[PDB]
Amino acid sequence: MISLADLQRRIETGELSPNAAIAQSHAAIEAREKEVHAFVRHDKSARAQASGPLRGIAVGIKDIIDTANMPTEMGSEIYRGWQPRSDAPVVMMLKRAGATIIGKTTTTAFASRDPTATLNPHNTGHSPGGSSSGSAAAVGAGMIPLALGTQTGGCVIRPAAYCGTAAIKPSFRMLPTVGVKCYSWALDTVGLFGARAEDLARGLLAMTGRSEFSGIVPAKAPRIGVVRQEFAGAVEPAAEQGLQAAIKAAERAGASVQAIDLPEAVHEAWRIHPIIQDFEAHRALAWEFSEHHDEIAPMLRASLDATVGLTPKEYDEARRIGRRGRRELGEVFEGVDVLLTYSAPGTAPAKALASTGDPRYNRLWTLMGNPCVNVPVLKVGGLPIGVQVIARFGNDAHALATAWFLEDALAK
């Protein structure tokens, strides 16, 4: 994989030229697209910009995020050839920083369950996860140093884990979702894919100008609270193997690790995530469902069909539960700096299963809103397994710092 931070340092010293960096990405893409299929469209004419911390940095954009110079097809036939008039605010954050928008990465139809043609870089016979399939794959295949995606259930953390890349779903609403095809406005959150935690930090710094992302360094003696999300059901062996490897590494590195069971209020929040998501999706995708029903991809069409009956009453109740959940989760962070858990059920599923993976270990955090970061840990049978670092809402910096600490710990 290509490191954003690496590129930055070398370009800043003149050791590497922006044009060369971009030519390298174009090369990497051409070198494996026929194998991975992570791009809906690749702008081969894309060139590096003259100034900015992200000059010479090629970025892939999930195709539900608006671009003014390239179509935004939402991974749906309904939007084939659709051309937005403007670039989404998050795209502008990158462009204003000097980044090069190299192309649109594949997305499942409307960021839901329907698999794209994209394949896992680590094993062509496996899924790269979803819904940010192309962003995770492209970064995992070393095609680009950065990619944008979104998370409603576990659309960022899960595919990142499956593809062995670092990634972060910042605190809810930190990055605007303006110009981002909505699935559930209570959940939709923009995320970033990179090679390492440090790459994510430098990316967020350039996009937001927030001092909190400046000068981040690996955390020291982090206080970690391990949660296995029992309420999420039975995890697969590989996932647990990765979590134990992470715990062992952190302990040896000086971290204090303790197991903790999450409050009933949190278990409940996890249960009602589907209610909030699906009730809102019917509103958010009303036009598509009412006017182009049969054109909606199979799996998404099915989930919408099964949920037309969700009522405002139960929706309100679900949101009440969500709030109770957030309140009691905050108390959990009184004794620990971060929480550590699974990023996915296990290794990436074989493409034959026609599944981008179950988001059961991701969805709770998207609703709570806390910053989540995936940390590659190991590989079982050649397929990546990662762990998920979670900090208190609004403390994305500490989440990245601990993720960094963890990466260094695993490196022994």
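Start at 1 with the first residue shown and count on from there.
- Tell me which of 273 to 281 and 315 to 323 has the higher mean C-alpha B-factor in the deposited entry. It is 315 to 323 that shows the higher mean C-alpha B-factor.
- Would you tell me which stretch averages the higher CA B-factor in the PDB entry, 390 to 398 or 12 to 20? Of 12 to 20 and 390 to 398, the stretch with the higher C-alpha B-factor average is 12 to 20.
- Item | Residue of maximum C-alpha B factor among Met74, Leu187, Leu329, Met93, per deposited coordinates | The C-alpha B-factor peaks, among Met74, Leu187, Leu329, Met93, at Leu329.
- Task: Please pick out which of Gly103, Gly129, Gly153, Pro121 has the largest Cα B-factor as recorded in the entry.
- Result: By C-alpha B-factor in the record, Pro121 ranks first.
- Would you mind checking where the Cα B-factor of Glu288 ranks among the modelled residues of its chain, as the lowest, middle or highest third? Its C-alpha B-factor belongs to the lowest third of this chain's values.
- Item | Ranked against its chain, the third holding the CA B-factor of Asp87 | For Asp87, the deposited C-alpha B-factor lands in the lowest third.
- Message: Considering every modelled residue of the chain and its Cα B-factor in the PDB entry, is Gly149 in the lowest, middle or highest third?
- Response: Within its chain, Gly149 is a lowest-third residue by C-alpha B-factor, going by the deposited values.
- What third of its chain's C-alpha B-factors does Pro359 belong to: lowest, middle or highest? Middle third of the chain for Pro359's C-alpha B-factor.
- Query: Looking at the C-alpha B-factor of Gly179, is it in the lowest, middle or highest third of its chain?
  - Reply: CA B-factor rank for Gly179: lowest third.
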